[PDB]
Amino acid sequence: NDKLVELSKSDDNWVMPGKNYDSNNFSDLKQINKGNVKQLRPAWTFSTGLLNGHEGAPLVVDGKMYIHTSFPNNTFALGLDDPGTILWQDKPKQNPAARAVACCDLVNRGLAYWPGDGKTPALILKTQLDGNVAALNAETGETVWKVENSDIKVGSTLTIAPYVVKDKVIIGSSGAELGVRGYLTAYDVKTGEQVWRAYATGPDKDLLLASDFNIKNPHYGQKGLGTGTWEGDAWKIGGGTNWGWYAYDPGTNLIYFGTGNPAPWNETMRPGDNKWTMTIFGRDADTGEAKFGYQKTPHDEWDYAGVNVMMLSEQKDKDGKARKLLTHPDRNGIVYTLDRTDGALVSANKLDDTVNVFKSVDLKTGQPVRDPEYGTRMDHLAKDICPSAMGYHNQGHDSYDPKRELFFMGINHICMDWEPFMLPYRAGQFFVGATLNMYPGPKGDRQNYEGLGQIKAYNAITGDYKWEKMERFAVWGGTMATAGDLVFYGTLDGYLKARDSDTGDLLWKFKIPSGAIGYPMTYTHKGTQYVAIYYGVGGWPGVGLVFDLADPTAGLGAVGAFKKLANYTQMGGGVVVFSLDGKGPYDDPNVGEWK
């Protein structure tokens, strides 16, 4: 959307998930820089009134901040000049049964905004756990349209943030743990009319492939693979849902995103490459046709759901050619950089030297070289597999500094033991089939269960890490970088930290109410720069704390790995906004007072 592109160039706004279409999470603002971060203090706060994980980040448009919550997914609009007054609030009435089919927490990644044209007003777009998608008038909060995208009766829910491109809203899907076959949909932003729907598995007609699909890299595979790399109808409950993030290049008109893991987790129950699950797609925004599709993890054996963040950049490759690229740190432990115009592999490096599941990724064949010792299979207990199913990188939305050409990534350092078991598929019931045990990786403390994360600065062309730093817990949530030489991120143990972009030195931190599983954002209001972040621990890592689970095996193996989380944080839900010296709307205490 051209209006969104323009809006995204104002530092007074943060109009969409990821900031801009490049999905940079990078700000040119340098009011807050490494020389004065130490003066950063809260300016104001807001509780959402809900517990459970608070993922994503708020939107700021036209002097208003829009806040979203965990289930039942309420929306609040606050005026930046008097945040104390809630402009409007939307509180959805949803079927409580929706809760029973969420594999993970009752989380939601965010809102999207459409600027409006002449007849239709600006809109706030939101997904609900129960599978409905809704558009709300941005100034009044009234519901303009609402349509059903997913069905909880079959285990299909929504946690993903909508994405607005041109006059369309793209909606993903969730439910691979309940054997839901993945699909994404584009709706007309003004009426809710379905424009196109593409699946992750099955017949090419369902896959919605362009006539020239994988034309430049035919060895990635082309036609007939959605069924050909599966035995029988198994692709019908094949997984591949997309619940992560997108990126868009108006120049190619393609939306980039990854598809999730195949179902069930028991690999012995689904022989084959299980195609189009675990793949980086480039689909046309208007027709949904796939121009390219590169499968990262053929025949998944570890739940490395390939839904992670897509970050676009333009850098010169090793031959000096200036390429239009996409960088994507996957769950499987490999960061991929592909040419965003044709899907050509540029680099595929390890996130950490401790990986082990793959010896490497052959750039010519595009095939990852498996180490048979770390694969999973029926009647066998696999041990010390790195990364664990939680991956060396999960849902977190990272950032990229264009001046430095460095990616700042929130990494996980968790490995696992894994043994699968046979189970039937019953629509609406879980369809996992694996029992796991997770723990800190080789660089963490496996006895004390701490040292579960890392934060690193990476160059995609050289594959070099400028700096790496360990963290007590997994850096879920993501990162945000600024032209002030600062890298901001929230932690599971309850802090918002700021590190030196060049060295990784910790320069400042603030004890927020609960752990952060969303990413920081920034904006200016009336000349002052504010950094905001949600607090409210949860998601997969906080499932033990959130649901008061004790068996280390519960919560799909996450309970044991995060047994120490509760000694550092309790649940919460809200927003904390920071600024230098905590200057804000109430510097004149009379603002907001009853008279």
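Numbers follow the displayed sequence, beginning with 1.
- For the pair 475-483 and 418-426, the mean Cα B-factor is higher in 418-426.
- Stretches compared: 375-383, 260-268. Higher mean C-alpha B-factor in the entry: 375-383.
- Per the deposited record, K153 carries the highest C-alpha B-factor of all listed residues (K509, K153, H397, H393).
- Based on the entry's C-alpha B-factors, the most elevated value among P162, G444, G221, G333 belongs to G444.
- Per the deposited record, the Cα B-factor of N95 falls in the highest third when ranked against the other modelled residues of its chain.
- Per the deposited record, the Cα B-factor of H299 falls in the lowest third when ranked against the other modelled residues of its chain.
- In the deposited entry, the Cα temperature factor of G226 sits in the middle third of values across the chain's modelled residues.
- Per-chain ranking of the deposited C-alpha B factor places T191 in the highest third.
- Ranked against the other modelled residues of its chain, the C-alpha B-factor of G544 as given in the entry falls in the highest third.
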